[PDB]
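We begin with a single chain expressed as structure tokens, specifically the form deposited in one PDB entry.
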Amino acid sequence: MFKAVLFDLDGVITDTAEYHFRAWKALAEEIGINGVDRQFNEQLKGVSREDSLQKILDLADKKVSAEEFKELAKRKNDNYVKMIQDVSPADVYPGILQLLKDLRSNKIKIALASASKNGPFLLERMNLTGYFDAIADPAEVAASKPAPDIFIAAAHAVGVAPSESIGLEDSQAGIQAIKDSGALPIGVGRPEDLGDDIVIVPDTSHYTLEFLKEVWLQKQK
């Protein structure tokens, strides 16, 4: 039986994408860059803050100093943080709260493996802090996804090997990161946005303890 579940945040526990979009668009418009639209924003899904800014500057062809780069990222984050102040428990994705309750009741470890440095605050906004045994720190791994580092850290943060864990993800890079850690991925969304050779559910209402247990047994030899 698996000993831990390693949760991505954005697209699994909640959606942060519209907030990130408005913030990046505002930043792009502030510096006079065209191209940051809803189509482009899909490329930034699951991507780190710094890698996201770099992609926007390549709309381009914009060069900036290392300190200018840091200031731009700080500006966008400051705006993003103002906007997520009204995140609430109503923003928890379907099925996720009951899954967390059931994992906790069965003494299965719960860890966050999100790229977001705003993860702890978001979990607090959603009243989920108490469920999480640990939060892997993005600022102390990287290697961003698809590197397995954040999932390895999340597993180790709760005293388990990735091989003893399930990872939940909504992105290609995240699914690959789970695989390369040794944990078992279960993706949410469309297969073309996730990857191959994995169990996939169309939405998070399918993430039940019963289903995770069944999938676990299916993937043991």
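Residue numbers here begin at 1 and follow the sequence given. Under this definition, the rigid core comprises the largest set of C-alpha atoms superposing within 1.5 Å between the forms.
Undergrad: Per the record, averaged over C-alpha atoms, which has the higher B-factor: 35-43 or 155-163?
TA: Per the deposited B-factors, the answer is 35-43.
Undergrad: Of the two stretches 194-202 and 16-24, which shows the higher Cα B-factor on average in the entry?
TA: Higher mean C-alpha B-factor in the PDB entry: 16-24.
Undergrad: Sorting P138, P120, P146, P89 by Cα temperature factor from the record, which one lands on top?
TA: Highest C-alpha B-factor among the listed options: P138.
Undergrad: Based on what the PDB entry reports, which of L59, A183, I186, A173 has the top C-alpha B-factor?
TA: Of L59, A183, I186, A173, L59 has the highest C-alpha B-factor.
Undergrad: Looking at the entry's B-factor column for C-alpha atoms only, identify whether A113 ranks in the lowest, middle or highest third of its chain.
TA: According to the entry, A113 has a C-alpha B-factor in the chain's lowest third.
Undergrad: Mind checking which third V215 falls in for C-alpha B-factor across the chain?
TA: Within its chain, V215 is a middle-third residue by C-alpha B-factor, going by the deposited values.
Undergrad: Mind checking which third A134 falls in for C-alpha B-factor across the chain?
TA: Within its chain, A134 is a lowest-third residue by C-alpha B-factor, going by the deposited values.
Undergrad: Among all modelled residues of this chain, ranked by Cα B factor, put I96 in the bottom, middle or top third, i.e. lowest, middle or highest.
TA: Answer is lowest: the recorded C-alpha B-factor places it there.
Undergrad: Check where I150 lands among this chain's C-alpha B-factors and tell me if it's the lowest, middle or highest third.
TA: It falls in the middle third of the chain.
Here the subject shifts to the form deposited in another entry, a form of this protein not shown in this document.
Undergrad: At a threshold of 2 angstroms on the CA positions, core aligned, which residue out of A173, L44, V160, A153 shifts between this form and the one not shown?
TA: Single hit from the list, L44.
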